[PDB]
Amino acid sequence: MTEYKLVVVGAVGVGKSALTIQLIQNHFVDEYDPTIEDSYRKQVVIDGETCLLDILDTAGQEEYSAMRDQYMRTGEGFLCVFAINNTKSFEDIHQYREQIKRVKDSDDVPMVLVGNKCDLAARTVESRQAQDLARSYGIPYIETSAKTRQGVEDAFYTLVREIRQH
């Protein structure tokens, strides 16, 4: 019963709680309830390894940026999420990438670039940019949608696997 500590980070509104609550309760929340820091646990069987997932749902509002170091430390794997209809959040993804390298003084920290809200028509963030950036960081890139469950379980399990290959 290995325990994988996963952390979901990203700008405000990108859908870190939807992606999580989706994978936890398999249901999509429509209301926006700004998070400070929620935690969720789920016993999952990845590749027959039957592990335990510790998903930490962080904040996006810079009003709580302080507590980032805390979790960025104890964090085993990070799910760097951004919306594909909101450019900013994409740019802000670099901000998280650096603070994580710093706080963990490593360059192999298990990370997964996640493009979300892919079910929305008005995209503004080409997948080529996201793929390249992810390629730059040397981590996987997975487009998702907490609404249509696209790439949801995949994103998380890919992280658990990143944490295993590290």
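All residue numbers refer to positions in the sequence shown, first residue = 1.
The PDB entry records a higher mean C-alpha B factor for 154-162 than for its counterpart among 154-162 and 14-22. 127-135 and 33-41 differ in mean CA B-factor, and the higher of the two is recorded for 127-135. Listed residues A59, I55, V114, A121 were ranked by CA B-factor as deposited; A121 comes out on top.
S89 sits in the middle third of its chain by CA B factor, as recorded in the PDB entry. For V8, the recorded CA B-factor ranks within the lowest third of the chain. Only modelled residues enter the ranking.
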